[PDB]
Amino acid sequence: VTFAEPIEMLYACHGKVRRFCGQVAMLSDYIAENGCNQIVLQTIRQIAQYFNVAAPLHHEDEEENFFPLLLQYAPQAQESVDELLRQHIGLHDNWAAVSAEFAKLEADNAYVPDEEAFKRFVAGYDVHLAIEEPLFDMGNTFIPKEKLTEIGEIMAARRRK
C-alpha cells in the first residue's frame, strides 16, 4: 500500500497500532513469567519508537487532512470527528503513562510495571479504532478519488519532515 491510496494507508497504520497494542497487552504477564529480559527491552523500544514518532504523524494525517476532507463530503460525521479529536488527547496521555512505565523498566529491570497503564492504553485504542474505522469506510464511499489522491501527496511529504 502507498500514499496514493491514503485511506488504505490509514488502515495500514491501524494494523501497526493493533500489533503494538497486542504486545502491550502481553507485557505484564510476560514480565512476570520471564522477567524484564532482553526480549522485553527490545519490544518496548520498538513500541515506544512507534508511539513517540509514527503515531503522532498518523494523528496529524487524520486531523489536518483526512477528517476535514471527510466532512466536506459527509458532514453527518461532524460529532464523530469531534469526539475522535477529543480522544486523540486521551491517546497521548495514555501513551505518556505507558512511556513512563517503560522508562522505569529500563532503569530497573526488577520493577513491577503498572498493569493498569498498559490496559488503559490498549483499551483506549480499541475504543478509538472502533469509532474511527467506520469513518474510513464513509470516506471511501463519499470522497472523490481525486480529492484523496490530493491529500495522499500531502501525507507523503509529512514523512520527509
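Residues carry their position along the shown sequence, with the first being 1.
The question of which stretch, 148 to 156 or 11 to 19, has the higher mean Cα B factor is settled in favour of 148 to 156. As recorded in the PDB entry, 105 to 113 is the stretch of 60 to 68 and 105 to 113 with the greater mean C-alpha temperature factor.
Per the PDB record, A54 has a higher Cα B-factor than any other of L135, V127, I47, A54. Sorting the modelled residues of the chain by their CA temperature factor places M26 in the highest third. Among all modelled residues in its chain, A123 ranks in the lowest third by Cα B-factor. Ranked against the other modelled residues of its chain, the C-alpha B-factor of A96 as given in the entry falls in the middle third.
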